[PDB]
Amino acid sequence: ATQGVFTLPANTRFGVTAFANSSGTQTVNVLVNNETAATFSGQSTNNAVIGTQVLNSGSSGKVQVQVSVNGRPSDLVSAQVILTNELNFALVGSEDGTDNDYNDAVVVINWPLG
C-alpha cells in the first residue's frame, strides 16, 4: 500500500520535522499538492534533527513525504493518529537498507499550530 501520503484539512499550517538514524545522508522531500514545499538533507546516527519547518497544506490539503539516500528511494511506513479529535500526527518511518529498523529517516508532521 502507498505510504507517506496524508490528506490534511485545506489551508492549514502544519509542522514537519525530520530525524536521521543512518550512516547514509538522508534526503527528505515534502510535497504539497504534488509540488516540492520543503527539502531537508542531513546525516546522523544519533537521531539529530536534520530539518524542521512550518508549511501550509494549501487548497488541496495533499501532503506527501519522500525519503531517499543518494538518489535511491527508501521504503516507507506511515500512519496518522488523532488525539482528542483535534491534535494530529502524520508519522513516517523509512528504511534505506537491510536491517529494517525503519528509522533511517523519521518524519513527524503535526497540526494544528499556534
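A residue's number is simply how far along the shown sequence it sits, counting from 1.
> Quick one: which of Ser59, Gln64, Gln80, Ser74 shows the highest Cα temperature factor in the PDB entry?
Of the candidates given, the C-alpha B-factor peaks at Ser59.
> Compared with the other modelled residues in the chain, in which third is the CA B-factor of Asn100?
Highest third, going by the recorded CA B-factors of the chain.
> Split into thirds by Cα B-factor across the chain's modelled residues, where does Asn70 land: lowest, middle or highest?
According to the entry, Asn70 has a C-alpha B-factor in the chain's highest third.
> Relative to the other modelled residues of the same chain, rank the CA B-factor of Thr25 and answer lowest, middle or highest third.
Middle third by C-alpha B-factor.
> Is the Cα B-factor recorded for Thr7 in the lowest, middle or highest third of its chain?
Ranked within chain, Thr7 CA B lands in the middle tercile.
> Rank-wise, by C-alpha B-factor, drop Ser44 into the lowest, middle or highest third of its chain.
As the PDB entry reports it, the C-alpha B-factor of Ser44 lands in the lowest third of its chain.
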